[PDB]
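Asks: Structure provided below as C-alpha coordinates; questions to follow.
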Amino acid sequence: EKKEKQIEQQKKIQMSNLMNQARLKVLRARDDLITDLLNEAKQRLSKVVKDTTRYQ
Amino acid sequence: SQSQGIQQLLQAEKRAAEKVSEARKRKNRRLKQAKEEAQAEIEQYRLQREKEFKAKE
(Lines give C-alpha, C1' and ligand atoms only; values in the text may rest on other atoms or scores of the structure.)
Protein backbone atom coordinates (compact mmCIF):
# COMPACT_ATOMS: atom_id res chain seq x y z
CA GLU A 1 0.00 0.00 0.00
CA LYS A 2 2.88 2.44 0.80
CA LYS A 3 4.76 1.45 -2.43
CA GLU A 4 1.51 2.03 -4.43
CA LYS A 5 1.15 5.57 -2.91
CA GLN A 6 4.82 6.18 -3.93
CA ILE A 7 3.99 5.75 -7.72
CA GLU A 8 3.23 9.53 -7.97
CA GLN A 9 6.50 10.26 -6.10
CA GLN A 10 8.46 7.97 -8.49
CA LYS A 11 6.98 9.84 -11.52
CA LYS A 12 7.91 13.21 -9.91
CA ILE A 13 11.46 11.86 -9.14
CA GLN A 14 12.09 10.52 -12.68
CA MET A 15 10.62 13.70 -14.24
CA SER A 16 12.72 15.88 -11.85
CA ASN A 17 15.98 14.11 -12.88
CA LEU A 18 15.12 14.93 -16.53
CA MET A 19 14.04 18.51 -15.65
CA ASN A 20 17.27 19.17 -13.63
CA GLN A 21 19.33 18.40 -16.75
CA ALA A 22 16.88 20.51 -18.84
CA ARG A 23 16.88 23.59 -16.54
CA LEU A 24 20.67 23.71 -16.16
CA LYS A 25 21.21 23.16 -19.94
CA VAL A 26 18.78 26.05 -20.73
CA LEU A 27 20.40 28.33 -18.12
CA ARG A 28 23.92 27.46 -19.40
CA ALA A 29 22.69 28.34 -22.92
CA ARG A 30 21.43 31.76 -21.67
CA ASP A 31 24.81 32.51 -20.09
CA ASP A 32 26.77 31.38 -23.19
CA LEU A 33 24.60 33.69 -25.36
CA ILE A 34 25.17 36.75 -23.11
CA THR A 35 28.88 35.87 -22.71
CA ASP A 36 29.20 35.88 -26.50
CA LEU A 37 27.43 39.27 -26.64
CA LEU A 38 30.10 40.56 -24.21
CA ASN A 39 32.79 38.87 -26.41
CA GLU A 40 31.35 40.74 -29.45
CA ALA A 41 31.19 43.98 -27.40
CA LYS A 42 34.89 43.53 -26.41
CA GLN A 43 35.65 43.05 -30.16
CA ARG A 44 33.56 46.18 -31.00
CA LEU A 45 35.53 48.21 -28.39
CA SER A 46 38.80 46.98 -29.98
CA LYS A 47 37.31 48.36 -33.26
CA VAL A 48 36.19 51.74 -31.72
CA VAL A 49 39.78 52.47 -30.49
CA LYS A 50 41.01 52.28 -34.16
CA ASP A 51 39.02 55.46 -34.99
CA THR A 52 41.29 58.19 -33.54
CA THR A 53 38.34 60.69 -33.58
CA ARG A 54 36.08 58.75 -31.18
CA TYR A 55 39.08 57.31 -29.30
CA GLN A 56 40.39 60.84 -28.56
CA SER B 1 -0.98 -69.93 31.39
CA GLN B 2 1.48 -67.26 32.74
CA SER B 3 3.20 -66.55 29.33
CA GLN B 4 0.13 -64.57 28.07
CA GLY B 5 0.47 -62.23 31.13
CA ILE B 6 4.26 -61.89 30.53
CA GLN B 7 3.55 -61.01 26.85
CA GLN B 8 0.78 -58.53 27.87
CA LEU B 9 3.10 -56.68 30.35
CA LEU B 10 6.11 -56.59 27.96
CA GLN B 11 3.83 -55.37 25.11
CA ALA B 12 2.19 -52.84 27.51
CA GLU B 13 5.59 -51.18 28.22
CA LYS B 14 6.61 -51.34 24.50
CA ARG B 15 3.35 -49.76 23.16
CA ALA B 16 3.01 -47.13 25.93
CA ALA B 17 6.67 -46.03 25.43
CA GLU B 18 6.89 -46.23 21.58
CA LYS B 19 3.48 -44.75 20.52
CA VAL B 20 4.02 -41.71 22.79
CA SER B 21 7.69 -41.27 21.66
CA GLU B 22 6.72 -41.42 17.93
CA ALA B 23 3.96 -38.82 18.53
CA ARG B 24 6.47 -36.55 20.41
CA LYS B 25 8.87 -36.82 17.39
CA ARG B 26 5.91 -36.05 15.02
CA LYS B 27 5.05 -32.94 17.15
CA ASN B 28 8.59 -31.54 16.62
CA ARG B 29 8.43 -32.31 12.82
CA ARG B 30 4.95 -30.67 12.43
CA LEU B 31 6.19 -27.52 14.29
CA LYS B 32 9.28 -27.26 12.00
CA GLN B 33 7.01 -27.81 8.95
CA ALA B 34 4.71 -24.99 10.21
CA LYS B 35 7.68 -22.51 10.09
CA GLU B 36 8.90 -23.79 6.69
CA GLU B 37 5.45 -23.80 4.99
CA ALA B 38 4.50 -20.45 6.57
CA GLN B 39 7.71 -18.93 5.17
CA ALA B 40 7.09 -20.52 1.72
CA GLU B 41 3.53 -19.03 1.67
CA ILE B 42 4.95 -15.64 2.85
CA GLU B 43 7.46 -15.78 -0.08
CA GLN B 44 4.58 -16.52 -2.52
CA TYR B 45 2.57 -13.58 -1.10
CA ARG B 46 5.73 -11.36 -1.38
CA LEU B 47 6.21 -12.50 -5.02
CA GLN B 48 2.54 -11.59 -5.71
CA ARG B 49 2.91 -8.10 -4.08
CA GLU B 50 6.11 -7.55 -6.15
CA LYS B 51 4.46 -8.69 -9.46
CA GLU B 52 1.46 -6.45 -8.63
CA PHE B 53 3.82 -3.51 -7.89
CA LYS B 54 5.73 -4.09 -11.20
CA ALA B 55 2.38 -3.78 -13.06
CA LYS B 56 1.91 -0.34 -11.34
CA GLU B 57 5.59 0.71 -11.84
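How things are named: the first chain in the C-alpha coordinates is A, the next is B, and so on; residues count from 1 in each chain; ligands count from 1 in the order shown.
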Residues of chain A near chain B: apply a cut-off of 9 Å, count only C-alpha atoms, and supply the list as a count of residues only.
Replies: 4
Asks: Quote the spacing between CA of residue 48 in chain B and CA of residue 1 in chain A in Å to one decimal place.
Replies: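 If I compute the distance from CA of residue 48 in chain B to CA of residue 1 in chain A, I get 13.2 Å.
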Asks: What does the distance from CA of residue 44 in chain A to CA of residue 25 in chain A come to in Å, to one decimal?
Replies: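 Separation of CA of residue 44 in chain A and CA of residue 25 in chain A: 28.4 Å.
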